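Engineer: Got a structure for you, start-v9.txt, holding compact mmCIF, C-alpha atoms.
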# COMPACT_ATOMS: atom_id res chain seq x y z
CA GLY A 1 -25.84 -51.86 5.68
CA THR A 2 -25.08 -49.97 2.47
CA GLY A 3 -24.96 -46.34 1.42
CA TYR A 4 -22.23 -45.05 3.76
CA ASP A 5 -20.40 -43.52 0.76
CA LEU A 6 -23.37 -41.61 -0.70
CA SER A 7 -23.28 -38.70 1.77
CA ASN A 8 -20.44 -36.61 3.17
CA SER A 9 -19.78 -36.57 6.95
CA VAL A 10 -21.48 -39.97 7.32
CA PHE A 11 -19.27 -42.33 9.31
CA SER A 12 -19.00 -45.90 8.07
CA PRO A 13 -19.28 -48.84 10.50
CA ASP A 14 -15.46 -48.92 10.54
CA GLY A 15 -15.33 -45.21 11.40
CA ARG A 16 -14.40 -43.73 8.03
CA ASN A 17 -15.76 -40.95 5.82
CA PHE A 18 -15.68 -42.65 2.42
CA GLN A 19 -16.25 -39.37 0.58
CA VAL A 20 -12.94 -38.11 1.99
CA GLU A 21 -11.16 -41.21 0.67
CA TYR A 22 -12.79 -40.73 -2.75
CA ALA A 23 -11.48 -37.16 -2.73
CA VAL A 24 -8.05 -38.62 -1.90
CA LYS A 25 -8.39 -40.90 -4.93
CA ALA A 26 -9.19 -37.80 -7.00
CA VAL A 27 -6.01 -36.21 -5.60
CA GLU A 28 -3.85 -39.19 -6.58
CA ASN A 29 -4.94 -38.62 -10.21
CA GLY A 30 -3.20 -35.22 -10.33
CA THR A 31 0.30 -34.23 -11.38
CA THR A 32 3.27 -34.48 -9.03
CA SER A 33 4.22 -31.63 -6.69
CA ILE A 34 6.87 -31.61 -3.97
CA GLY A 35 8.27 -29.42 -1.22
CA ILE A 36 11.73 -29.54 0.40
CA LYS A 37 12.68 -27.76 3.63
CA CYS A 38 16.28 -26.51 3.53
CA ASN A 39 18.31 -24.90 6.32
CA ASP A 40 16.94 -21.35 5.87
CA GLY A 41 13.74 -21.79 3.87
CA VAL A 42 11.58 -24.00 1.68
CA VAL A 43 11.51 -24.88 -2.02
CA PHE A 44 8.38 -25.92 -3.91
CA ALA A 45 8.31 -27.67 -7.28
CA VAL A 46 5.55 -28.88 -9.59
CA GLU A 47 5.15 -30.69 -12.90
CA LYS A 48 2.86 -29.19 -15.54
CA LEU A 49 1.67 -31.78 -18.05
CA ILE A 50 1.98 -30.26 -21.53
CA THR A 51 -1.21 -31.55 -23.14
CA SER A 52 -0.30 -29.83 -26.43
CA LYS A 53 2.18 -27.45 -28.00
CA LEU A 54 -0.68 -24.94 -28.24
CA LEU A 55 -0.20 -24.19 -24.54
CA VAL A 56 1.83 -21.03 -23.96
CA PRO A 57 5.06 -22.03 -22.18
CA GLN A 58 6.06 -20.34 -18.91
CA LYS A 59 2.40 -19.34 -18.54
CA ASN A 60 -0.40 -21.24 -16.77
CA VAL A 61 1.26 -20.76 -13.39
CA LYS A 62 0.61 -23.62 -10.96
CA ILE A 63 2.22 -22.41 -7.71
CA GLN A 64 0.32 -19.75 -5.78
CA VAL A 65 1.56 -17.24 -3.22
CA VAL A 66 -0.06 -16.18 0.06
CA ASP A 67 0.85 -12.88 1.76
CA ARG A 68 4.49 -12.19 0.77
CA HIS A 69 6.16 -15.13 2.55
CA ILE A 70 3.92 -18.20 2.08
CA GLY A 71 4.07 -20.47 -0.96
CA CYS A 72 1.47 -23.11 -1.80
CA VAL A 73 1.33 -25.86 -4.43
CA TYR A 74 -1.62 -28.24 -4.59
CA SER A 75 -2.02 -31.61 -6.31
CA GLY A 76 -5.48 -32.62 -7.52
CA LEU A 77 -8.48 -30.50 -8.53
CA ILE A 78 -6.90 -27.16 -9.49
CA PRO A 79 -10.12 -25.13 -8.90
CA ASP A 80 -10.40 -26.47 -5.34
CA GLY A 81 -6.76 -25.54 -4.79
CA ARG A 82 -7.39 -21.99 -5.99
CA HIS A 83 -10.43 -21.74 -3.70
CA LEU A 84 -8.38 -22.97 -0.73
CA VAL A 85 -5.58 -20.52 -1.57
CA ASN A 86 -8.10 -17.66 -1.71
CA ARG A 87 -9.46 -18.67 1.69
CA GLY A 88 -5.93 -18.83 3.08
CA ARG A 89 -5.13 -15.38 1.70
CA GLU A 90 -8.25 -14.03 3.41
CA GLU A 91 -7.19 -15.67 6.69
CA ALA A 92 -3.68 -14.21 6.40
CA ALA A 93 -5.03 -10.74 5.61
CA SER A 94 -7.32 -10.91 8.65
CA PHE A 95 -4.47 -12.11 10.87
CA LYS A 96 -2.19 -9.29 9.73
CA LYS A 97 -4.86 -6.58 10.02
CA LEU A 98 -5.63 -7.69 13.58
CA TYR A 99 -2.11 -8.45 14.87
CA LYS A 100 0.16 -6.38 12.55
CA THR A 101 2.76 -9.14 12.29
CA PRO A 102 2.65 -11.42 9.23
CA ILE A 103 0.87 -14.69 9.95
CA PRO A 104 3.18 -17.47 11.21
CA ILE A 105 3.45 -20.54 9.01
CA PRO A 106 1.99 -22.94 11.65
CA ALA A 107 -0.95 -20.59 12.24
CA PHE A 108 -1.66 -20.52 8.49
CA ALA A 109 -1.42 -24.32 8.44
CA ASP A 110 -3.97 -24.61 11.24
CA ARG A 111 -6.29 -22.15 9.49
CA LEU A 112 -6.28 -24.18 6.27
CA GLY A 113 -6.67 -27.39 8.27
CA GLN A 114 -9.70 -26.14 10.19
CA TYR A 115 -11.21 -24.94 6.90
CA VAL A 116 -10.83 -28.38 5.32
CA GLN A 117 -12.00 -30.21 8.46
CA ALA A 118 -15.11 -28.02 8.44
CA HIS A 119 -15.56 -28.99 4.79
CA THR A 120 -15.59 -32.63 6.00
CA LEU A 121 -18.36 -32.01 8.57
CA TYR A 122 -21.61 -31.65 6.59
CA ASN A 123 -23.47 -33.54 3.87
CA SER A 124 -24.05 -30.23 2.04
CA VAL A 125 -20.37 -29.56 1.24
CA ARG A 126 -18.00 -31.69 -0.82
CA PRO A 127 -14.56 -32.45 0.67
CA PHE A 128 -11.65 -30.73 -1.03
CA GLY A 129 -10.07 -32.62 -3.90
CA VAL A 130 -6.49 -31.46 -3.35
CA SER A 131 -3.46 -32.19 -1.20
CA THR A 132 -1.57 -28.98 -0.50
CA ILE A 133 2.15 -28.55 0.22
CA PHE A 134 2.86 -25.07 1.54
CA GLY A 135 5.16 -23.14 3.83
CA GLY A 136 7.69 -20.38 4.19
CA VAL A 137 9.94 -18.47 6.58
CA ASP A 138 8.59 -16.80 9.72
CA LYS A 139 10.19 -15.39 12.87
CA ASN A 140 10.96 -18.98 13.94
CA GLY A 141 12.76 -19.96 10.72
CA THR B 1 -13.65 10.22 11.70
CA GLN B 2 -15.79 13.15 12.88
CA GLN B 3 -13.00 15.51 14.02
CA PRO B 4 -9.23 15.05 13.57
CA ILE B 5 -6.94 14.56 16.56
CA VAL B 6 -3.27 14.05 15.69
CA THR B 7 -2.72 15.95 12.44
CA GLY B 8 0.07 16.60 9.97
CA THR B 9 0.41 19.90 8.13
CA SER B 10 1.09 20.89 4.52
CA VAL B 11 2.43 18.64 1.74
CA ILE B 12 3.96 20.18 -1.38
CA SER B 13 4.71 18.72 -4.81
CA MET B 14 5.55 19.82 -8.34
CA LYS B 15 6.43 18.40 -11.76
CA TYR B 16 9.64 18.88 -13.72
CA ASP B 17 11.06 17.74 -17.05
CA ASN B 18 11.94 14.13 -16.17
CA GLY B 19 9.61 13.48 -13.23
CA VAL B 20 7.98 14.82 -10.06
CA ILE B 21 9.02 15.91 -6.56
CA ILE B 22 7.03 15.75 -3.31
CA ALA B 23 7.90 16.77 0.24
CA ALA B 24 6.40 17.05 3.72
CA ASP B 25 7.58 17.64 7.28
CA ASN B 26 7.85 14.98 9.98
CA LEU B 27 5.49 16.49 12.58
CA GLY B 28 2.37 15.10 14.23
CA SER B 29 0.46 17.80 16.09
CA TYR B 30 -1.98 17.12 18.94
CA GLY B 31 -3.82 20.36 18.33
CA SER B 32 -1.55 23.17 19.54
CA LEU B 33 1.05 20.73 20.94
CA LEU B 34 3.91 19.56 18.71
CA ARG B 35 3.54 16.09 20.19
CA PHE B 36 5.23 13.63 17.81
CA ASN B 37 8.43 14.45 15.95
CA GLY B 38 9.73 12.20 13.20
CA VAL B 39 6.42 11.19 11.61
CA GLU B 40 6.92 10.21 7.96
CA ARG B 41 3.99 11.48 5.88
CA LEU B 42 5.42 10.32 2.52
CA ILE B 43 4.44 6.73 1.73
CA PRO B 44 6.41 5.22 -1.19
CA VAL B 45 4.41 2.59 -3.08
CA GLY B 46 6.46 0.52 -5.50
CA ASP B 47 9.37 2.17 -7.30
CA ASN B 48 7.24 4.73 -9.15
CA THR B 49 4.65 6.26 -6.77
CA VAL B 50 4.70 8.35 -3.59
CA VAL B 51 1.62 9.29 -1.57
CA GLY B 52 1.79 12.41 0.59
CA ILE B 53 -0.91 12.60 3.25
CA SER B 54 -1.93 15.47 5.51
CA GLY B 55 -4.56 15.37 8.25
CA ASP B 56 -5.55 12.76 10.82
CA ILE B 57 -2.50 10.59 11.47
CA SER B 58 -4.69 7.60 12.38
CA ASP B 59 -6.46 7.76 9.02
CA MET B 60 -3.06 8.22 7.36
CA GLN B 61 -1.88 4.97 8.96
CA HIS B 62 -5.12 3.31 7.86
CA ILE B 63 -4.35 4.45 4.30
CA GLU B 64 -0.80 3.09 4.69
CA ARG B 65 -2.27 -0.29 5.63
CA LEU B 66 -4.64 -0.05 2.65
CA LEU B 67 -1.74 0.67 0.29
CA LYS B 68 0.31 -2.23 1.65
CA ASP B 69 -2.69 -4.55 1.27
CA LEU B 70 -3.26 -3.27 -2.27
CA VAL B 71 0.35 -4.03 -3.21
CA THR B 72 0.05 -7.50 -1.68
CA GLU B 73 -3.23 -8.23 -3.50
CA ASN B 74 -1.82 -7.03 -6.83
CA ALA B 75 1.12 -9.39 -6.29
CA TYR B 76 -1.32 -12.33 -6.12
CA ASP B 77 -1.34 -14.66 -9.16
CA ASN B 78 0.51 -11.97 -11.14
CA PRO B 79 3.79 -13.10 -12.73
CA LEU B 80 4.17 -9.56 -14.17
CA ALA B 81 3.62 -7.71 -10.88
CA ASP B 82 7.23 -6.49 -11.14
CA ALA B 83 6.72 -5.42 -14.77
CA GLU B 84 3.84 -4.70 -17.15
CA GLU B 85 1.18 -5.41 -14.50
CA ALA B 86 2.76 -3.43 -11.67
CA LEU B 87 0.93 -0.78 -9.67
CA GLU B 88 0.85 2.49 -11.62
CA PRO B 89 0.43 5.86 -9.89
CA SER B 90 -2.91 6.39 -11.64
CA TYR B 91 -4.23 3.08 -10.27
CA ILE B 92 -3.24 3.99 -6.71
CA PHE B 93 -4.82 7.42 -7.10
CA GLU B 94 -8.12 6.21 -8.58
CA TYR B 95 -8.39 3.64 -5.78
CA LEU B 96 -7.70 6.18 -3.03
CA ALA B 97 -10.11 8.65 -4.66
CA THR B 98 -12.93 6.11 -4.85
CA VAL B 99 -12.30 5.29 -1.19
CA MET B 100 -12.32 8.96 -0.17
CA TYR B 101 -15.53 9.78 -2.04
CA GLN B 102 -17.26 6.71 -0.61
CA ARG B 103 -16.20 7.60 2.94
CA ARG B 104 -17.48 11.14 2.35
CA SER B 105 -20.84 9.91 1.06
CA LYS B 106 -21.20 7.64 4.11
CA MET B 107 -20.70 10.64 6.46
CA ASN B 108 -17.55 9.08 7.94
CA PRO B 109 -14.72 10.50 5.84
CA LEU B 110 -10.97 10.04 6.06
CA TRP B 111 -9.99 13.46 7.41
CA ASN B 112 -7.09 13.82 4.99
CA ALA B 113 -5.69 15.54 1.93
CA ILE B 114 -3.72 13.18 -0.33
CA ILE B 115 -1.31 13.96 -3.17
CA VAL B 116 -0.29 11.06 -5.42
CA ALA B 117 2.86 11.71 -7.45
CA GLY B 118 4.84 9.38 -9.67
CA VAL B 119 5.83 8.29 -13.16
CA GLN B 120 3.72 6.04 -15.37
CA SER B 121 5.16 3.13 -17.35
CA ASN B 122 5.47 5.35 -20.44
CA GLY B 123 7.42 8.05 -18.58
CA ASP B 124 4.52 10.46 -18.08
CA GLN B 125 4.52 12.55 -14.89
CA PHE B 126 1.42 11.87 -12.79
CA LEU B 127 0.52 14.32 -10.03
CA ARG B 128 -2.99 14.55 -8.59
CA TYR B 129 -4.87 15.56 -5.44
CA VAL B 130 -7.81 14.26 -3.40
CA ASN B 131 -9.29 15.16 -0.01
CA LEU B 132 -11.88 14.09 2.55
CA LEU B 133 -14.58 15.57 0.31
CA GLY B 134 -13.38 13.40 -2.58
CA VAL B 135 -12.57 16.45 -4.70
CA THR B 136 -9.95 15.59 -7.31
CA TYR B 137 -7.83 17.95 -9.38
CA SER B 138 -4.42 17.89 -11.05
CA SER B 139 -2.06 20.84 -11.54
CA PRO B 140 1.68 21.18 -12.28
CA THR B 141 1.98 22.25 -8.61
CA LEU B 142 -0.07 20.80 -5.75
CA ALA B 143 -0.08 21.62 -2.05
CA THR B 144 -2.33 21.00 0.95
CA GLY B 145 -3.34 23.28 3.81
CA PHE B 146 -1.18 26.35 4.29
CA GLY B 147 1.00 25.15 1.43
CA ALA B 148 -1.93 25.57 -0.96
CA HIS B 149 -1.86 29.26 0.03
CA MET B 150 1.92 29.79 0.31
CA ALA B 151 3.80 26.97 -1.44
CA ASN B 152 1.85 27.12 -4.72
CA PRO B 153 2.52 30.85 -5.39
CA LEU B 154 6.26 30.21 -5.17
CA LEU B 155 6.16 26.93 -7.11
CA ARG B 156 3.87 28.37 -9.81
CA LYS B 157 6.44 31.04 -10.69
CA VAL B 158 8.58 28.14 -11.97
CA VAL B 159 5.84 26.21 -13.81
CA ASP B 160 2.82 28.44 -14.45
CA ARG B 161 1.77 26.37 -17.48
CA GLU B 162 2.29 22.88 -18.89
CA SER B 163 4.79 24.24 -21.43
CA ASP B 164 7.05 25.27 -18.52
CA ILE B 165 7.46 21.65 -17.34
CA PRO B 166 9.99 20.51 -20.01
CA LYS B 167 12.15 23.54 -19.13
CA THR B 168 12.46 22.86 -15.38
CA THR B 169 15.38 20.73 -14.17
CA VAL B 170 15.66 18.55 -11.08
CA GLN B 171 17.91 21.07 -9.32
CA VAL B 172 15.46 23.92 -9.99
CA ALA B 173 12.47 21.96 -8.69
CA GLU B 174 14.34 20.69 -5.61
CA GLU B 175 15.57 24.20 -4.76
CA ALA B 176 12.01 25.51 -5.11
CA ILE B 177 10.69 22.73 -2.85
CA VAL B 178 13.32 23.50 -0.20
CA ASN B 179 12.53 27.22 -0.37
CA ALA B 180 8.82 26.48 0.07
CA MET B 181 9.60 24.28 3.08
CA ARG B 182 11.63 27.13 4.57
CA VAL B 183 8.83 29.65 3.95
CA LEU B 184 6.33 27.31 5.59
CA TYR B 185 8.61 26.90 8.61
CA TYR B 186 8.69 30.70 8.71
CA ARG B 187 4.94 31.29 8.57
CA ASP B 188 3.24 28.04 9.71
CA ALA B 189 2.73 27.52 13.45
CA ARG B 190 2.01 23.79 13.04
CA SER B 191 5.19 23.16 11.02
CA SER B 192 8.54 21.51 11.66
CA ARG B 193 12.12 22.16 10.58
CA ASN B 194 12.69 18.46 9.81
CA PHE B 195 11.08 17.13 6.63
CA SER B 196 11.37 14.45 3.95
CA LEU B 197 11.65 14.80 0.18
CA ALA B 198 10.99 12.26 -2.58
CA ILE B 199 11.92 12.53 -6.26
CA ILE B 200 10.26 10.21 -8.78
CA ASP B 201 12.38 10.51 -11.93
CA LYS B 202 11.58 8.52 -15.07
CA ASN B 203 15.30 7.68 -15.40
CA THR B 204 16.86 7.45 -11.92
CA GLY B 205 13.77 5.97 -10.25
CA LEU B 206 12.81 6.82 -6.67
CA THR B 207 15.18 8.99 -4.61
CA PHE B 208 13.93 9.30 -1.02
CA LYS B 209 15.71 11.63 1.41
CA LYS B 210 14.83 11.71 5.11
CA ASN B 211 15.94 13.79 8.10
CA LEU B 212 16.29 16.94 6.00
CA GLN B 213 16.42 20.31 7.74
CA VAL B 214 15.52 23.85 6.76
CA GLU B 215 18.78 25.78 6.34
CA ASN B 216 19.89 29.30 5.41
CA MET B 217 17.38 31.12 7.62
CA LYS B 218 17.45 34.91 7.92
CA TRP B 219 16.88 35.97 11.54
CA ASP B 220 19.49 38.70 12.13
CA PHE B 221 17.09 41.56 11.36
CA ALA B 222 15.13 40.54 14.47
CA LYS B 223 17.76 42.42 16.50
CA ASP B 224 16.55 45.73 15.02
CA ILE B 225 12.89 45.20 16.01
CA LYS B 226 12.19 46.90 19.35
CA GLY B 227 8.72 47.75 20.63
CA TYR B 228 5.40 47.65 18.81
CA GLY B 229 5.53 51.27 17.67
CA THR B 230 6.71 54.21 19.78
CA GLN B 231 9.13 52.34 22.06
CA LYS B 232 12.77 53.17 21.32
CA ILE B 233 14.73 50.83 23.63
Please re-express this file's structure in C-alpha cells.
Structural biologist:
Amino acid sequence: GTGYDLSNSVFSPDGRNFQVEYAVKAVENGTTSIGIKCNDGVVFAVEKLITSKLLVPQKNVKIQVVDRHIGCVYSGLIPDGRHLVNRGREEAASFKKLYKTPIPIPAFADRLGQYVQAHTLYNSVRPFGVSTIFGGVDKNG
Amino acid sequence: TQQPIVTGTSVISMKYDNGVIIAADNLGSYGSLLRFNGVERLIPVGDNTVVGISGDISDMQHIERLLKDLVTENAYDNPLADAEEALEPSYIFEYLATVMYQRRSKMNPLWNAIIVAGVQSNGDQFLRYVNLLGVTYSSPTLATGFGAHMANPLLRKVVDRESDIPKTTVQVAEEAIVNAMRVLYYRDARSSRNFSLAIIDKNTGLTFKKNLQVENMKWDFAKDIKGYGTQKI
C-alpha cells in the first residue's frame, strides 16, 4: 500500500512512523549543538549561524535553562525547542512544589521523553522537530 | 485560610539616608503557647529586597515558595537577570499585593501582614505594606500588629517626615530598631527575645544578622514593687 507517511502515529508495514523520521530529517538541517559530561558536571555548547552582521552579537540566546540546575540545548526547529523547554519547566515546577527537592536529572529526562512519545501517538499532533541535549548536577552527581 | 493557627507577631521597619532596615523576632506561636522558637520571618529576595511577614506561618511559607518560584521564573530566558532585568523591590511588592487582594476577594485570604523593604536600581528606598485585606500603604516607618501601635511612635520620632530621612544614619536607625524590639519584648505577650535584623543599604548591599537578642533590660525596680496597693511586705 501507500500513504503510510501522510498521517502521524500510523505504523508502516515495516513498523515505522515515517513522520517521526521526517522530523528527524528536519532536525539534521539545524545547527550543531553538543554536550560533554565532565567529572563534576556537564558543559553545553552551540553554534549560532550569523546570517548577517545586522544580528546583535551576544544576543539571540540559544541555550535555555530549566529550574536552577538543568541546562538544555536543542538542534532543529527552535520554536519546538522553546515549547519543549517550557513544558519541562512546568514539569520541574510541579515536581518541586509537590516534593520540595529539585527535580532529579533522570526524572526530568523521563518527563520530556514521555511528553515527546505522547506527541508521537496521535494523528492530530505533529512530532517534535528537535533533538535535545540537556542535563545537570543532582544529588547523584 | 479561615482562621490562623501558628502565627508570628510584629514586624518593624524604617527608612534612613542610604537605605532601609527591617526586623522581626523568631517566634511561632500556637495561640497562647510559644511553640516554635527560631522561626525566620524575614525572607531575603535577591540582593536588594527583604520581605517581612507576620501572621499564619503556613501562609508565610507558601509566600516563601511563591517568592522562590518568582525568582526562578524571572531567571528564565533572561541574560540580564543578575543586572538590569533583576527583581526590584517594587516588582515583588506589586506581585504580592495583587496576590493578597485576589485572595481577599475570593474569601480565602492569606492571613498575613507583609512589609516589603529594599533599594531600587536607582538607589531609591522602597518600603511598603500589605495585608490580608489587600490594603497597601507606604510610610517612612512601617510596623505590623502591636508594633503598629508601639514601634511606630518610637520610630516616628526619628523620621516624622520625608525630609527627616536624609538626616538619619544607619547607626541611628539600627539603635531605634533595637529599642523598639526591646519595648515589644517588654509589652508583647506573644513576643520573643531572639530576633533577626536586615539592612538594605544602597552602597553596602544586604546585611542580614540572625540570632540577635534583646539586651540592656531594666528589671531591678521590680524589687520595690510589693502588693497591689495597701500591702507593705
Engineer: Could you list, as a ChimeraX atom specification, every residue of chain B that has an atom within 8 Å of an atom of chain A, counting all atoms listed in the file?
Structural biologist: /B:69,72,76-77
Engineer: If I take atom CA of residue B:51 and atom CA of residue A:70, how far is one from the other in Å, to one decimal?
Structural biologist: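 Calculated distance between atom CA of residue B:51 and atom CA of residue A:70 is 27.8 Å.
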Engineer: Give me the residues near residue B:173 as an MDAnalysis selection string, where near means some atom within 9 Å (using all atoms listed in the file) and where sequence neighbours in that chain fewer than 3 positions away do not count.
Structural biologist: chainID B and resid 14:16 20:21 155 158 168:170 176:178
Engineer: Mind giving me the straight-line distance from atom CA of residue A:57 to atom CA of residue B:85 in Å, one decimal?
Structural biologist: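 Calculated distance between atom CA of residue A:57 and atom CA of residue B:85 is 18.7 Å.
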Engineer: Any idea what's packed within 8 Å of residue A:137, counting only C-alpha atoms, ignoring anything in its chain fewer than 5 positions away? Could you give it as a PyMOL selection string?
Structural biologist: chain A and resi 40-42+69-70+105
Engineer: For a cut-off of 10 Å around (-1.0, 11.7, 1.4), file coordinates, pick out all residues using all atoms listed in the file and list them as a PyMOL selection string.
Structural biologist: chain B and resi 8+10-11+24+41-43+50-55+60+63-64+96+112-117+129-131+144
Engineer: Residue B:209: which residues within 7 Å, counting only C-alpha atoms, same-chain residues fewer than 5 positions away excluded, as a list in words?
Structural biologist: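 Near residue B:209, the qualifying residues are residues 196, 197 and 198 of chain B.
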Engineer: Of the residues A:48, A:53, A:87, A:37, which is the one nearest to residue A:114, using only C-alpha atoms?
Structural biologist: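 Closest to residue A:114, using only C-alpha atoms: A:87.
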Engineer: Nearest to residue B:61: which of B:7, B:74, B:108, B:125 is it, counting all atoms listed in the file?
Structural biologist: B:7
Engineer: Select, from B:153, B:89, B:145, B:79, the residue with the minimum atom-to-atom distance to residue B:190, counting only C-alpha atoms.
Structural biologist: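 For residue B:190, the nearest of the candidates is B:145.
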Engineer: Report, in Å to a single decimal, how far apart atom CA of residue B:181 and atom CA of residue B:99 are.
Structural biologist: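 Computing it gives 29.3 Å between the two atoms.
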Engineer: Give the answer as one residue: which of B:219, B:208, B:195, B:228 has the shortest atom-to-atom distance to residue B:39, using only C-alpha atoms?
Structural biologist: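 Smallest distance to residue B:39 is found for B:195.
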Engineer: Of the candidates B:37, B:179, B:138, B:192, which shows the shortest atom-to-atom distance to residue B:215, using all atoms listed in the file?
Structural biologist: B:179
Engineer: Using all atoms listed in the file, which residues sit within 10 Å of residue B:206 once same-chain residues fewer than 2 positions away are excluded, as number ranges by chain?
Structural biologist: B: 19-21, 44, 46-50, 118-119, 198-204, 208-209
